[PDB]
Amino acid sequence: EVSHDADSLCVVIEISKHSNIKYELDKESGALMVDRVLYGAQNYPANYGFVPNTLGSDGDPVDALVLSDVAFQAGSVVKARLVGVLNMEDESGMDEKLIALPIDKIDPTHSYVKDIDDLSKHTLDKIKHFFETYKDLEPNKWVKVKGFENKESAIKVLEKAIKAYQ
């Protein structure tokens, strides 16, 4: 039962916070595939996944970062709420990463975060710097981060991705 509610959307976790291993769920066998081990001495600054039944810019489900103090197991599903979006350009084109938090029912730790600007400057910079450099060592690949936009913008991105899938 995939929920597309901006304040309670399902996010399938593929990368656990702090891990340097990117997994990728196969949409036909449900197999969690080992996709990449970071080339650099880095670790994902947040849990990372995708929103089912959506179609993002690159033809794959729209991506979402789920910020939390804890790391969720790759393969699990967490109900989250949008607070913003991170825009970036890579060798394939534009890419968007929804910025979310688990719903308060799951973990109210950051219930005070209502919009992108409520997140600390330090956290935003860390996330931006990660995407800006995590593919440095990968040949023929690169990422140029543009910046973050608020929840209103993120909702537009989500709805556009939902409509595209339909």
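Start at 1 and count along the sequence shown; that's the residue number.
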Mean Cα B-factor check, 62-70 vs 29-37, entry values; winner is 29-37
Which is higher on average in the deposited entry, the C-alpha temperature factors of 1-9 or of 157-165?
-> 1-9
Using the entry's values, work out which of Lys151, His18, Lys22, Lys144 has the largest Cα B factor.
-> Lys144
Just grab whichever of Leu98, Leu55, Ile127, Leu101 has the top CA B-factor as deposited.
-> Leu55
Classify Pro139 as lowest, middle or highest third according to the C-alpha B-factor given in the PDB entry, relative to its own chain.
-> highest
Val85 - Cα temperature factor, lowest/middle/highest third of chain | lowest
Ranked against its chain, the third holding the CA B-factor of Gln42 = lowest
